[PDB]
Each structure stands twice: as C-alpha cells, then as structure tokens.
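Visitor: Let me see the structure of the following:
(7 chains, ligands or ions: 33)
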Amino acid sequence: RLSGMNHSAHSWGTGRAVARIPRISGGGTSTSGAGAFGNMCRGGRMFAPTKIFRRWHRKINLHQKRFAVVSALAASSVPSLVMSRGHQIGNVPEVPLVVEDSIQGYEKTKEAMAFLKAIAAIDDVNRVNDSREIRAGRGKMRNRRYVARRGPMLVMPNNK
Amino acid sequence: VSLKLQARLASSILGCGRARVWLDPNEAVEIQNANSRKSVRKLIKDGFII
Amino acid sequence: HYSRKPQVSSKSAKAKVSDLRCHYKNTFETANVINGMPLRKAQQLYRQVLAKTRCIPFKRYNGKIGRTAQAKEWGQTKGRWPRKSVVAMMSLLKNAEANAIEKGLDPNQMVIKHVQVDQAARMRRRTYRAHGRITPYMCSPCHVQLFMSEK
Amino acid sequence: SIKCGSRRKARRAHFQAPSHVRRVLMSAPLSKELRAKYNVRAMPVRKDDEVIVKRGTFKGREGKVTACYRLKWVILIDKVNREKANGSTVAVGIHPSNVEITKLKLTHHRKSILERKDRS
RNA sequence: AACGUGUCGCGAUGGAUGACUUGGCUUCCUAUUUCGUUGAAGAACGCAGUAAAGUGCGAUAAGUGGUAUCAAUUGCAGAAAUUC
RNA sequence: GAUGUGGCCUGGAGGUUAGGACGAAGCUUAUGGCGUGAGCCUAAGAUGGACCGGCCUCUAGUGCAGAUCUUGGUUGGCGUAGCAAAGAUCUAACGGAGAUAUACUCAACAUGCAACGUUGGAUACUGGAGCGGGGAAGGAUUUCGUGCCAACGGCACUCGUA
RNA sequence: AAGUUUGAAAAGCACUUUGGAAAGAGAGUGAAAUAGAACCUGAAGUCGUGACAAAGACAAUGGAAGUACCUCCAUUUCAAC
Ligand SMILES: [K+]
Ligand SMILES: [K+]
Ligand SMILES: [K+]
Ligand SMILES: [Mg+2]
Ligand SMILES: [Mg+2]
Ligand SMILES: [Mg+2]
Ligand SMILES: [Mg+2]
Ligand SMILES: [Mg+2]
Ligand SMILES: [Mg+2]
Ligand SMILES: [Mg+2]
Ligand SMILES: [Mg+2]
Ligand SMILES: [Mg+2]
Ligand SMILES: [Mg+2]
Ligand SMILES: [Mg+2]
Ligand SMILES: [Mg+2]
Ligand SMILES: [Mg+2]
Ligand SMILES: [Mg+2]
Ligand SMILES: [Mg+2]
Ligand SMILES: [Mg+2]
Ligand SMILES: [Mg+2]
Ligand SMILES: [Mg+2]
Ligand SMILES: [Mg+2]
Ligand SMILES: [Mg+2]
Ligand SMILES: [Mg+2]
Ligand SMILES: [Mg+2]
Ligand SMILES: [Mg+2]
Ligand SMILES: [Mg+2]
Ligand SMILES: [Mg+2]
Ligand SMILES: [Mg+2]
Ligand SMILES: [Mg+2]
Ligand SMILES: [Mg+2]
Ligand SMILES: [Mg+2]
Ligand code: NA
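Guide: Residues are numbered from 1 along each chain as shown, chains lettered A, B, ... in the order given. Ligands and ions are numbered 1, 2, ... in the order given. Shown next is the protein structure:
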C-alpha cells in the first residue's frame, strides 16, 4: 500500500515553467525534483493499486456442479468426443474402458506399465511423455517450468 | 632541472627572501644533488649559492 | 574493423585513433581535406597549415567563422588553421606510414583512399552561470580512421 | 535436499551453499569396477583421486585430481591443461559430474563414508 | 561549383528490446518463539601476512572452546590424516 | 454519443497441436504476399545464440503523438555567445617526447606552428589598513619529499591545494 | 543512480613493429574478439563515410495519374506451348 508514495513529494505550482506533478523534495541527489506519486511518473504509484480483497474465488450452485460432472462423465463415454479432445484411443478395446479390480494389488511400477500396455492405454501415456517440454514465457521462472499433455485418468473404488 | 627545494632551503638558511638568493646558473647538477639543509650549507660554503 | 574495405589489402595500410581529445568538428575539417591526396602531399599540406601559408577549408562546420584568402584554393571563403587537429592528424599519418613500411610498401607511392571522422563519447564538465545556474561544459572527442593504398 | 518446489529457493540454496554442502554437490560417479567392489554409485571427489573425463572437450583424458576448488565448482586435474599466451601451462577446470572416479584416495574417514554408502 | 537535399551499403554515438534473475510483493503454516542494570537496542573505535568499503568479530578481535563432518581455503603468500 | 464484430494486437492460466543448434525469441528492410483496416505471413540478414508458434477457453497492471506529462538519451542553435575588473611580461641557457620533425627540385625564408617548468639577467607590480609574517571560527592532511599527467586546475602545463 | 549479463573455460591478446605514452598495424586464444573487460543481444533518434538520384528560387512534407531510371522480389512463360 506504500509502494509509490514513500516520499514527501509536493507540487511546485505554476510559475516555475514545469508540469504541476508533485516532485521529490530536497537536493543533492538525482531524484531531487524528479516528479512523483503519479502513475505516469518513473518511481510513482501504479494506477489503481491491486488489493487482496479482490474477488478471487467463486461460488457455484451445487446442482450446476453436479450437472457439469454428470455431463463430463457422459461425454467421456463417447469415443468421438474422446478422440476430438486429443486422446489416442485407437487400440482401446472399448469405451468406456472397464478393467478388473485386481490392478489395485500391484506393488511394482513395472506391473502397472505391463497392465497399461496390455489394456492399450500406453499410447496416450507415450503421447504425454513425448509432449513434455519447457514452458514458454514467464511461468518458466514461476515454478511451472515443465508442461505436458493429460493422459488417461484411472479411477479407483477407494484410496487403496 | 627544477631547483625549487634548494632555493627554498637556501632562503631559510640564509635568512633572506627568495629574491636575495643567487643559485649559480652553472652548477645546476651540483645544486640539484643537494637535498638536505647540510648539503645546501655546503653549497653556500662553496659559493654556488650566495 | 573499418567502415570501408581497401581495394587490395596487401597494397594498403590502415591507421586508427579513438577518443582523440581534439575537437571533432575541427578534426573533421582537417582530416577530410586530405582524402584522395598522396601521403606526401597531405604531409606537406599539414606542414604548410602549421606555417599558416595554407589553410584547412571549413565546410559544414564553418558557422560564423572568419573569411580568408587562403580558402580560395579549395573553392571556399572560410578556412582556419587548427593546430591541435593538424598535429593529431600528422601523428596518425606517421602511424599509417609506419604500417605501410612494415608491410613492405613504398610510402612515396601511397594515396589516401579513406578518411572518416566520427564523434566519440563526450566528456562532461560544468560552467557556472548567473543566478546560480550550472550548465554543461562539454568536450567533443573524435574517432579518426583512415587507410591509404599504393597506386 | 536442495531441490524443492520453488526454483528461486533451490537456486539460492545451491549457489550460496556452504563448503561441505558444496563438497556433497561436487560428486563424481565411480567406475564400473569401483561400483562392483564397493556397491556405491558415486562419491564426492577428493584431492589425489584418479579420474577420467567423460564429458566435454577433454573426454578420455585421465589424470589425478590436484584440487577441488569448490568456489568455482570445478576440480583441477594434472593431465588437463593448456598453455597461455606466455606459453606457460595453466590448469583447466572441469565440473566433477563430467568425470569418473577410477581410483579412490582411501582414508579411514572415507572408508567409513563408503561403508555408510554401500547398498549391500 | 560549393553548401545543402534524398536513397542504399558500411561505420560511430546511444543503451531500448528480448532472453535470463541468489531480488521484491502477496498469501498460508509450524513452535518448550519475545530484549535490558547479570548493562539492552542504538552510537563509536578497533581487529587479517596482505584488507578502502562490506561482512564477521572484540586487545582471546575475518575469531578461542565443544560437537558433528572428513580434506580444504584460495587473488597471492604462509602452513600442511583416528579424537589429538 | 450508442451498439456490434468465428474483428486485430499484448503479458499470464487451463487445454490441444506443433516448432527449435540443419538456429528460438529479440532486432534490421527498395521484401514481397494477403487483408477495406487494426494487422498477419513469407524472404534475406555477410543478425542473434536459446527458447517458442498456431487454435479453443480463462485472465489482466493489455494498444500512445502531444497531458508547460515522467525518466533516460540525443539534438539545431554552434565551433556560436563568449573565456575583456585586480597594469606584464621579455631574454638566454638547461630540462622535457613535446623539434631545427620535408617524396623528388633544392643554401637558408617562403613546408613542425604554438605552447610548457627551473636557473641567471632585465622589467614591472604589491607598497606595512601588503598577492608580508602569525592566530581564532571554519576546514582536516590541503603540510613535506619522491614519482607521475589518464581525469581535474572552464587556455596551458613538463607545474599543482590533482 | 547502479544487473560487473565477456566467455563453456581467462584460454583476459605472448611476441614483432610505429608511437613519449594512449594507442595503432600485424600476430595469437577462442566456435565466435563489431564476445577484448563493468565486454550477451545491441533498437530508435542523431552523426560520419563511399556509391548513386538528382535538384533553381514555388519552405518542406502530402493526393492522384503517368513516365524516365533502377530493383540481392513476387509470380507466369518458354514451343504443336
Ligand atoms: K554433468
Ligand atoms: K541508430
Ligand atoms: K513515380
Ligand atoms: Mg514503483
Ligand atoms: Mg516472450
Ligand atoms: Mg560574432
Ligand atoms: Mg565570423
Ligand atoms: Mg559564469
Ligand atoms: Mg551563488
Ligand atoms: Mg543415487
Ligand atoms: Mg576494513
Ligand atoms: Mg582480555
Ligand atoms: Mg465517435
Ligand atoms: Mg502482466
Ligand atoms: Mg527505406
Ligand atoms: Mg496501463
Ligand atoms: Mg512511446
Ligand atoms: Mg551542436
Ligand atoms: Mg568569438
Ligand atoms: Mg579575449
Ligand atoms: Mg564579458
Ligand atoms: Mg586584466
Ligand atoms: Mg619551434
Ligand atoms: Mg617599481
Ligand atoms: Mg597600482
Ligand atoms: Mg608601486
Ligand atoms: Mg596582509
Ligand atoms: Mg584546462
Ligand atoms: Mg534503478
Ligand atoms: Mg582459428
Ligand atoms: Mg555480431
Ligand atoms: Mg555488445
Ligand atoms: Na549513410
């Protein structure tokens, strides 16, 4: 809240043949009488400084959220929509793809990879793996350096 | 060669002003060798500074 | 690293100086007059300018400078005798001649084929004006580059 | 645990690391023979170690470590060098992760480290 | 003619842009977390083989002691592996 | 002044497709193509050296020619105005890279000018209410010797309170 | 006010030559030296230079339509076409 305003800046008024913007007081430095407090001034305060009581979050009707989830589930059962989203389901036995519950008993990632290869879900996983790269732009420096596609979503009955 | 130091020392030793000090226009190497008060006194004795 | 390339590199000699500390405008006038000259004729010209029997013609930087009869040989009416620029250019010509001799060329056959005077980075001082004003008192150095080619 | 979610913090921890953390960071892989006989994959380089360059221009060059600078993040190797304009010989620095340790300079403390490290 | 006017190629001056950020700002969390007359916080002097600032330290002065580490520090110089 | 635009452009986020060391963004253009336009795309760099494009959606510190606008730089005026109070310097020698510095023709002048310090002479000024000796306040190493001339002493310096 | 952001690495330009020095001219390191040191890129504005276009005084700029000259550009044709 103090980011552009920590100065004792005052306007010089008219009669000095300069613009009426407030200027840094004092002397002996390069900021003496340098213009201040304005969004158009070098070290000044931005226009409408941002606040934390901006409306960051949203409230959605519960029925509309359930409606959206139901629509997304219904769309996931249409192979045309799955292909149009970008997934590679060319070798998938069936949509929706339902597998035996014994996959929860796996303890080695190798067994999981074998199961993914057998159920032909490996093409989408390979798509995601090949899609990995360095993010373009500022997010590269903002802790989101790597990007990749979204692959299959495996749904479990429980947390085990 | 600059003889400012020798002229100042001769002025102080002889108790006169710089206008009263005569450094030989010859003997410039001999005078420039002197770098102490005793050396300037030796020069004054020899007659190179009057 | 010159703005122009000599026709035959092995027959040419180059000389350069950066941040000369002579006035850029005076040096611009002084060095430009020897472009196209034989080296010896340019050196004779600089000696005669020092002797004040010939002048350096001032073009493009002659605003309200005096008129002289020695500018008539250049088709002009305003010329001066800037000695600092002349001696700096004499030193530069000596360097070019030394380079030509070390390359194995004949200094009496060289023709100056390229002269370029450019403004260098300026040096800042101050002057004090009435009513407590401080105002720039600047120095304008120059870069000078040249090469000469044997004919 | 230098690596974390925040890249700023991870880089700050890496480049402002103390001397001993820098020692740990400047580890080199052991040779296949050393991996076989110690069951350890990598060790921090040390003076008098015998190393071979695997990556860079000097790949294949073999020599004994003369210095682990730890301030320039490099190790100096006797056989790795070049001449200056004067013609005098100067040591070229190599990052330890580009070399491979072929012989260990063994001391009782380093033996204890190896026993701590071995996977058996 | 010369000054001067364009256009192109190459130079100069000048440090915008783009990339990169050990910085800032903002939010959230943890806890045997809250200085001082047993002299605090602030001031001032000083301390290195070499040492202006800065950092650290206080005539035991770029540190003594102890515990962990396990062979450096590093511009140059000086010294030179089991606790010592 | 209102409104519309599968209307253009910018920084980020979800997605989705691509591209890059056989060269990414940035930058340059008599460099062409497309669009009514905002713009988009290609080409070439004898540019660059590591990131990044298209499309759908989300988001905003999202588009400049001017505010006696802010900051930084540049710029004509301009080699111009000027650098004119306190009278002043000359001469030889020495010192210094600072000279007596030359392609031919050639006695020298007509082709190395001008400027420095010290010493000796000459000339002058301050004229004891002194550009004389000492102190306070203020300053604080400017004092001294040696070296030194990048920058500074608004001309100069080989001199200097540099 | 100010990113010391050269380069992967100082390998930070030995040596020769001119210069009183600063520097220049070569040479050398480096993939690069208009990467040579507070050095990545290096814009605009302004200036220098070489080449070319010309051009009275209509301030210059500007529109519309031609033409002269140029064009490291874009297309289309080269034969029963
Ligand atoms: K590595
Ligand atoms: K420019
Ligand atoms: K036309
Ligand atoms: Mg601000
Ligand atoms: Mg970008
Ligand atoms: Mg006048
Ligand atoms: Mg006049
Ligand atoms: Mg004044
Ligand atoms: Mg005043
Ligand atoms: Mg491991
Ligand atoms: Mg100190
Ligand atoms: Mg004590
Ligand atoms: Mg309207
Ligand atoms: Mg933004
Ligand atoms: Mg153009
Ligand atoms: Mg805005
Ligand atoms: Mg703008
Ligand atoms: Mg001007
Ligand atoms: Mg005048
Ligand atoms: Mg006058
Ligand atoms: Mg006046
Ligand atoms: Mg006077
Ligand atoms: Mg003379
Ligand atoms: Mg008198
Ligand atoms: Mg009088
Ligand atoms: Mg009198
Ligand atoms: Mg008095
Ligand atoms: Mg001066
Ligand atoms: Mg700043
Ligand atoms: Mg090479
Ligand atoms: Mg380049
Ligand atoms: Mg650059
Ligand atoms: Na041009």
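Visitor: contacts, neighbours, all on C-alpha from now
Guide: OK.
Visitor: Could I get the full set of helices for chain C?
Guide: Counting by DSSP state H, chain C has helices at residues C:24-32, C:39-50, C:83-103.
Visitor: Check chain A too.
Guide: A:62-76, A:79-85, A:109-118, A:122-131.
Visitor: Serialize these to TSV and add fields for mean neighbour count and distance to ligand 1.
Guide: Formatted as TSV, those follow (neighbours: other Cα atoms under 10 Å in any protein chain shown; distance: least, Cα to the ion, whole Å):
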stretch	mean neighbour count	distance to ligand 1
helix A:62-76	11	44
helix A:79-85	13	39
helix A:109-118	13	28
helix A:122-131	16	23
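Visitor: Can you tell me which of the ones you listed is nearest to ligand 8?
Guide: Closest to ligand 8 of the helices of chain A is helix A:122-131 (Cα to the ion; 71.2 Å).
Visitor: Any idea how far the closest one is from the middle of the chain?
Guide: 22 Å (Cα atoms, centre = their mean, to the nearest Å).
Visitor: got the angle for that helix vs helix A:109-118?
Guide: 110 degrees (axes from the mean of the first three to the mean of the last three Cα atoms, to 10 degrees).
Visitor: who's the residue lying closest to residue C:92 once chain neighbours are set aside bridged to?
Guide: Closest residue in space to residue C:92, ignoring its immediate chain neighbours: residue C:15 at 6.5 Å, by Cα to Cα, 6 or more residues apart in numbering or on different chains. Here residue C:15 sits in beta bridges with residue C:146, as judged by DSSP bridges.
Visitor: show me the contacts for residue C:15.
Guide: Residue C:15 is in contact with C:92, C:93, C:95, C:96, C:99, C:145, C:146, C:147, counting by Cα atoms under 8 Å, 6 or more residues apart in numbering or on different chains.
Visitor: Please list the residues of chain A that sit near chain D.
Guide: A:141, A:142, A:143 (Cα under 8 Å from any Cα of the partner chain).
Visitor: cutoff 10 Å now
Guide: Contact residues, chain A versus chain D (Cα under 10 Å from any Cα of the partner chain): A:140, A:141, A:142, A:143, A:144, A:145.
Visitor: List just the nearest of the residues you listed to chain D.
Guide: Closest approach to chain D among the residues of chain A next to chain D (Cα to the nearest Cα): residue A:143, at 5.7 Å.
Visitor: Show the backbone phi and psi for the closest one.
Guide: phi 70, psi 20 (degrees, to the nearest 10).
Visitor: Do I have it right that it meets residue D:3?
Guide: No - in this structure residue A:143 lies outside contact range of residue D:3 using Cα atoms under 10 Å: 11.8 Å.
Visitor: tell me the contacts of the residue nearest the centre of chain C?
Guide: Centroid-nearest residue in chain C, with Cα atoms, centre = their mean: residue C:31, separated by 2.4 Å. Neighbour list for residue C:31: C:42, C:46, C:56, C:85-86, C:88-90, C:115-117, C:144-146 [criterion: Cα atoms under 10 Å, 6 or more residues apart in numbering or on different chains].
Visitor: With residue C:86 as the reference, measure out to it.
Guide: From residue C:31 across to residue C:86, the span is 8 Å (Cα to Cα, to the nearest Å).
Visitor: Are there residues contacting both of the two? Which ones?
Guide: With Cα under 10 Å, 6+ apart as the test, residue C:31 and residue C:86 both reach C:46, C:56.
Visitor: Give me every residue in chain D lying close to ligand 1.
Guide: Residues of chain D lying close to ligand 1 (Cα under 5 Å from the ion) are D:97, D:98.
Visitor: can you give me the strands for chain D?
Guide: Secondary structure of chain D (DSSP state E): strands located at D:27-29, D:42-44, D:50-53, D:62-68, D:75-83, D:89-94, D:99-103.
Visitor: Would you tell me which of those gets closest to RNA strand F?
Guide: Of all the strands of chain D, it is strand D:89-94 that lies closest to RNA strand F, at 19.2 Å by Cα to the nearest atom of the strand.
Visitor: close to RNA strand E, is the closest one?
Guide: No - using Cα under 7 Å from any atom of the strand, strand D:89-94 stays clear of RNA strand E, with a minimum separation of 10.4 Å.
Visitor: which residue of chain A sits farthest from its center?
Guide: Most peripheral residue of chain A (Cα atoms, centre = their mean): residue A:15, 52.4 Å.
Visitor: what about residue 6, neighbour count?
Guide: All of this refers to chain A. 12 (other Cα atoms under 10 Å in any protein chain shown).
Visitor: looking at chain C here, not the other one
Guide: 16.
Visitor: Repeat that for residue B:9.
Guide: 20.
Visitor: wait, what's in contact with it?
Guide: Counted by Cα under 10 Å, 6+ apart, residue B:9 has contacts B:15, B:18, B:34, B:35, B:36, B:37, B:38, B:39, B:40, B:41.
Visitor: Could you report the separation of the residue in chain B that chain A sits nearest to from residue B:46?
Guide: Residue nearest to chain A within chain B: residue B:4 (41.6 Å; Cα to the nearest Cα). Distance, residue B:4 to residue B:46, by Cα to Cα: 19 Å.
Visitor: Which residue would be the closest one in chain A to RNA strand E?
Guide: residue A:141 (5.2 Å).
Visitor: May I see the helices of chain C arranged in JSON lines, with distance to residue B:26 as well?
Guide: What follows is those, written out as JSON lines (distance: least, Cα to Cα, whole Å):
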{"stretch": "helix C:24-32", "distance to residue B:26": "44"}
{"stretch": "helix C:39-50", "distance to residue B:26": "36"}
{"stretch": "helix C:83-103", "distance to residue B:26": "35"}
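Visitor: Quick check: residue D:20 touching residue D:68?
Guide: No - judged on Cα under 10 Å, residue D:20 makes no contact with residue D:68 at a distance of 11.8 Å.
Visitor: okay, the two: which has more neighbours?
Guide: The neighbour comparison of residue D:20 against residue D:68 (other Cα under 10 Å) goes to residue D:68, with 23 against 10.
Visitor: can you pull the contacts of that one?
Guide: D:23, D:26, D:44-48, D:74-77, D:93-96.
Visitor: And residue C:40, by the same measure?
Guide: Here residue C:40 is in contact with C:46, C:93, C:107, C:108, C:109, C:110, C:111, C:112 (criterion: Cα under 10 Å, 6+ apart).
Visitor: before we move on, what about residue C:138?
Guide: C:122, C:123, C:124, C:125, C:126, C:127.
Visitor: One more pass at 6 Å, please.
Guide: C:123, C:124, C:125 (Cα atoms under 6 Å, 6 or more residues apart in numbering or on different chains).
Visitor: Among these, which ones are in strands?
Guide: Going by DSSP E, the strands hold C:123, C:124, C:125 from the contacts of residue C:138.
Visitor: need the residues you listed in JSON lines with neighbour count and distance to residue A:107, can you?
Guide: Shown next, in JSON lines, are the ones in strands among the contacts of residue C:138 (neighbours: other Cα atoms under 10 Å in any protein chain shown; distance: Cα to Cα, whole Å):
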{"residue": "C:123", "neighbour count": "11", "distance to residue A:107": "76"}
{"residue": "C:124", "neighbour count": "10", "distance to residue A:107": "76"}
{"residue": "C:125", "neighbour count": "10", "distance to residue A:107": "79"}
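Visitor: Adding distance to ligand 8, write those residues out as a markdown table.
Guide: Listed next are the ones in strands among the contacts of residue C:138 as a markdown table, based on distance: Cα to the ion, whole Å:
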| residue | distance to ligand 8 |
| --- | --- |
| C:123 | 19 |
| C:124 | 16 |
| C:125 | 13 |
